[PDB]
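> give me coordinates for this.
(2 chains, ligands or ions: 4)
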There are 2 protein chains.
Amino acid sequence: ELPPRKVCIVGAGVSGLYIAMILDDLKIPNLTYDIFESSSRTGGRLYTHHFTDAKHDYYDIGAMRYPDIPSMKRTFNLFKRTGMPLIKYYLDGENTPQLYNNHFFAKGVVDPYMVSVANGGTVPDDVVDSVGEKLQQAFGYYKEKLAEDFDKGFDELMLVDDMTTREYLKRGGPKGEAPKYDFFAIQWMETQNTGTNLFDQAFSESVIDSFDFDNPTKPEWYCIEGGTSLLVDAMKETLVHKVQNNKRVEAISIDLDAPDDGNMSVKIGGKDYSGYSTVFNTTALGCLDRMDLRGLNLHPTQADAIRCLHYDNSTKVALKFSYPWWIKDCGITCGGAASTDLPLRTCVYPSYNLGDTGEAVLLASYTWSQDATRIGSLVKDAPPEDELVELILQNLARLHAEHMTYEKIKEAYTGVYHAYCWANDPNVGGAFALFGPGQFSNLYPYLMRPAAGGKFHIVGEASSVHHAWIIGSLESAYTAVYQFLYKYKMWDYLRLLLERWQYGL
Amino acid sequence: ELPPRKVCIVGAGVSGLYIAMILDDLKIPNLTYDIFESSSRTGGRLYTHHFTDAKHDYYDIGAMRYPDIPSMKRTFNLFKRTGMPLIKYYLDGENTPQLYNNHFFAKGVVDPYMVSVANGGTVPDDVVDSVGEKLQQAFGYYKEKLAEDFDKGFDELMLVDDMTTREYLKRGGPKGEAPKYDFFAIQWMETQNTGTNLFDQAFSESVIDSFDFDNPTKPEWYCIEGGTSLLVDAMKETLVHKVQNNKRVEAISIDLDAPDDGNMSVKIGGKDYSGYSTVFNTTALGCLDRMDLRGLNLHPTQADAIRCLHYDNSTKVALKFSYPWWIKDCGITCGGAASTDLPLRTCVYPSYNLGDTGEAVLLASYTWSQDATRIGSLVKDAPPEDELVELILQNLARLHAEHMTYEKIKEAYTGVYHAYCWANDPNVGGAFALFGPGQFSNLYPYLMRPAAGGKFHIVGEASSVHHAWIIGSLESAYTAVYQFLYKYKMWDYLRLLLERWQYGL
Ligand SMILES: Cc1cc2nc3c(=O)[nH]c(=O)nc-3n(C[C@H](O)[C@H](O)[C@H](O)COP(=O)(O)OP(=O)(O)OC[C@H]3O[C@@H](n4cnc5c(N)ncnc54)[C@H](O)[C@@H]3O)c2cc1C
Ligand SMILES: Cc1cc2nc3c(=O)[nH]c(=O)nc-3n(C[C@H](O)[C@H](O)[C@H](O)COP(=O)(O)OP(=O)(O)OC[C@H]3O[C@@H](n4cnc5c(N)ncnc54)[C@H](O)[C@@H]3O)c2cc1C
Ligand SMILES: N[C@@H](CCCC[NH3+])C(=O)O
Ligand SMILES: N[C@@H](CCCC[NH3+])C(=O)O
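Numbers count the residues shown, from 1 in each chain, chains lettered A, B, ... in the order given. Ligands and ions are numbered 1, 2, ... in the order given. Please find the structure below.
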């Protein structure tokens, strides 16, 4: 029979819970695991906030929406396996306002926002109304290759990964044969495509974001009615060994002088937990970098990747109202989102409360990058005149000025809100990977390099080509389990892993 | 006589206090001002934390060190006018450890950190030991022009401002005739020169940083004995009209249909404060963006600058010890700083407690960029074992392992520490401007564009070519006062401004 072995799973977000789900399904004789989670809470960046127990009285602080595209089949298979109650998510809705330079969008108007050179701004006239077309020309070849086969498309995209999005647009691609855009044209494309400054990160991440948000297959989107944390609950209930919360790992080691399979250990609260045949670290990389990893003798460039791979920021702000005034008064009847240059940047109309006529949640601000740092500076652990509330109410009034007043929005506000800035969470230290130029092609391979003689895995969304999505976490977890089984030559169970899990079970 | 006129100064950091100091010195008949400061505290990013009232029992949260170089003469003139007790600041000390890849630096040894290709890393052998020389080749031409004349040097530097530092190093400068560096070379230069990821910001900001930290004149450095806040105290005491604290401006307007000079107003807590002939906004740009500025009819690219000009983050962590073990046990007897790839990144040994043998403060961690975001995720408004303290003690022990143990450092630690992450300060929302590629040459001119018919000024360190130093704030405040006097044709007082203030008083 197989000898007794135990493995350590650091972190109980979705990738750690997925590792355990796979091990529980394979039922390998005499194999066990410990899962140590630093937080009192399990689920990580799957985190629904419930204002009350009322059915729809929540918002998702982390993951909230899922496009049904082939490259995310593993995510949807996880949803099926756990019985998630999926409902439609409306990425684009009806009647959602867009507000830039204090003007509302209107279709078939030239330069509705009055930012073109012709109207006294600095955006070139040939770009102001054609951002979508110009970015589809910049990204579209790669998007089509990614749709044919994500991993082959990605490898081809890596041949231009040295460039930022701005660099690609400025120089006309890698040999100057694509259109060349001036600073203000690029600035307007960024303003109309993503968060402030993100075109100074990798071109490849801008391509992949466009692939996921504007996929050639024109996919249906889904959300989990009741919040994404229903998935955490479901994954927890099947665990053979339950999560050990309030266990923050501070060091990971291997004793290369010991002949045993179980020669790895972790330190928690100054105490050694030993006897592990493999350690799967699933934390964000900032949390990993803080650990003492000398005991693992990591390649220096792998250590560089842990420190240096770039993370984006993100902040959410959700308010409760006494009735869904955006539905009733503004005609915003089926979700979507309102985009603006105002501080709140993006106001997301929930897809899960469309038929409610009483209290309703609005995801009034969802921001990335410097926009998220700025809103996040107003988000306090012990919330307080609350400057953030007043900013959001004032921005909401300006964004919905076609139908509402500040006074009526403020009156409808119940005084209950919640906000969260992920860069201020000590258990993540960022929202999610969003790599800088050259990082995917140069640092990422070293992040993914075998370590501790094939017994240590750096797992999670950053350790994948699908940053900022559940699919990246699940892929990364699947691959690590493959490597573990291969390392110990558990061929029956590796064949079973492929049979049952190569697309998600 | 001059007619009665009133101006409004938004913010009482050093910019706003300097505007007031200049007006108080000119004594313009019938001219008054109001200063409104959002915080209960005056001084902004000049902010000394006193642990107790004992003479050296402090650290500076914001500004702390000043190089005596010609372009900063206005700063030193302010120090002189206010009677600041300057003492030497040791940028480089004696016996300060440098720790990378778990190895200490050694002089005259090839690749002491063992990160080069020859030793199993990926840093090119010809770069690993010559970062200083290769960055002096990249920056030095411009550094020398800046030393001749800062404004002419800056205008010449703007002809390559489209590039990031990484882009300049990768492509060999603007026409490919400088040396071209691979990703890992550039990565090591960044690791050995600045904070994580900052080579992906403007080349011009890396040049100016190098100009300030490694100036060709090889300057003396100074600090203010007793803390930089002594300067704020001195500036406050001369004010003819004192700061009005807890007054956060939320809107600024001009009534163009009113003939009066005094046709500007600001809104504070829903109430209008009217009758201003000019408004000087001195806040960080994130705070300005949150205001309702519709009443000023700003050029859209000027509005873009306010939203988009990039800010760096910065975090500081200072610990008290029962004796200065770094002096007594480690021989670190005259200041300087220890750099490392460990999370704390830079440990700054104070220059103001060198003779002390009792309790002493250590600035154990000073970080920028993503390093600051990561440390800042552990900094809590109401502090808590404390993960940040334990991290700092552990990193300090590793950095000082040539002489100290973790146990002795922990035993010397008194249990009193303080930390601060500037991006989490609602009154700033970042540490300081650190522009992205193209921003100085494209967005900054619009930030500085006349507005409200020449009656509105966006003032402060970001509104200058000297980001992240007091000198930028003072130059920006001087320029705005020049523009105010010119706009109202106060030719006697404009001539007096030049006579008395063109180098600082
Ligand atoms: C704002 C936001 C919006 C998102 N939107 C979506 C979306 O709509 N759809 C989608 O598919 N995905 C979305 N995602 C992405 C998705 O939430 C993540 O990719 C995924 O949840 C990450 O899971 P993980 O297991 O890789 O990491 P994590 O969830 O970070 O889990 C790691 C775990 O490790 C723990 N930990 C940290 N340090 C230690 C330590 N020292 N010891 C022990 N445990 C430790 C953490 O507390 C955490 O529980 C979003 C993410 C964010 C931030
Ligand atoms: C970590 C750090 C280290 C530094 N190190 C040095 C150094 O060693 N040497 C050096 O020369 N410089 C240094 N600097 C830079 C220097 O501290 C700053 O450039 C300078 O203090 C900024 O002054 P300011 O008046 O431009 O802005 P601020 O200091 O930000 O002042 C603006 C004021 O406006 C207030 N305000 C904000 N919003 C509103 C509102 N809505 N209504 C009213 N008031 C409002 C703010 O509270 C603040 O008091 C450092 C800065 C940082 C962050
Ligand atoms: N999955 C997240 C982030 C996508 C953008 C990642 N750069 C969302 O749906 O908002
Ligand atoms: N003046 C600050 C910041 C300098 C670097 C700005 N990018 C210091 O001395 O640390």
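
> assign residue A:209 to helix, strand or coil.
helix (DSSP: H, G, I helix; E, B strand; the rest coil).

> my guess is it meets residue A:194, correct?
Yes: counting by C-beta atoms under 8 Å, residue A:194 is a contact partner of residue A:209 at 6.8 Å. Backbone N, C-alpha and C define where each C-beta goes, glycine included.

> quick check, residue A:242 in contact with residue A:37.
No: in this structure, residue A:242 is not within contact of residue A:37 by C-beta under 8 Å, at 10.2 Å.

> tell me which of the two has more neighbours.
residue A:37 (26 against 12; other C-beta atoms under 10 Å in any protein chain shown).

> can you pull the contacts of the residue lying closest to that one once chain neighbours are set aside?
Counting by C-beta to C-beta, 6 or more residues apart in numbering or on different chains, residue A:37 lies nearest to residue A:12, which is 3.9 Å off, once chain neighbours are set aside. Contact partners of residue A:12, counting by C-beta atoms under 8 Å, 6 or more residues apart in numbering or on different chains, are A:35, A:36, A:37, A:42, A:43, A:44, A:243, A:245.

> with secondary structure and distance to ligand 1 as added columns, please give these in JSON lines.
Formatted as JSON lines, the contacts of residue A:12 follow (DSSP: H, G, I helix; E, B strand; the rest coil; distance: C-beta to the nearest ligand atom, whole Å):
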{"residue": "A:35", "secondary structure": "strand", "distance to ligand 1": "9"}
{"residue": "A:36", "secondary structure": "strand", "distance to ligand 1": "5"}
{"residue": "A:37", "secondary structure": "coil", "distance to ligand 1": "5"}
{"residue": "A:42", "secondary structure": "coil", "distance to ligand 1": "7"}
{"residue": "A:43", "secondary structure": "strand", "distance to ligand 1": "6"}
{"residue": "A:44", "secondary structure": "coil", "distance to ligand 1": "2"}
{"residue": "A:243", "secondary structure": "coil", "distance to ligand 1": "9"}
{"residue": "A:245", "secondary structure": "coil", "distance to ligand 1": "9"}
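
> wait, which of those residues is closest to ligand 4?
residue A:44 (33.0 Å; C-beta to the nearest ligand atom).

> which phi and psi does that closest one have?
phi 60, psi -130 (degrees, to the nearest 10).

> so what pairs up with the nearest residue to it once chain neighbours are set aside in the strands?
In space, and not counting its chain neighbours, residue A:44 is closest to residue A:13: 2.4 Å by C-beta to C-beta, 6+ apart. Residues in a beta bridge with residue A:13, per DSSP bridges, are residue A:43.

> residue A:13 contacts residue A:282, doesn't it?
Yes: at 6.1 Å, residue A:13 and residue A:282 qualify as touching, with contact defined as C-beta under 8 Å.

> need the overlap of contacts for those two.
A:460, A:473.

> residue A:129 and ligand 4, how far apart?
For residue A:129, the distance to ligand 4 equals 37 Å [C-beta to the nearest ligand atom, to the nearest Å].

> mind listing what that residue touches?
Residue A:129 touches A:110, A:111, counting by C-beta under 8 Å, 6+ apart.

> and residue A:267, how many neighbours does it have?
Neighbours of residue A:267 (other C-beta under 10 Å): 18.

> please name the bridge partners of it.
residue A:251, residue A:272.

> how about the contacts made by it?
Contacts of residue A:267 by C-beta under 8 Å, 6+ apart are A:249, A:250, A:251, A:252, A:253, A:273, A:292.
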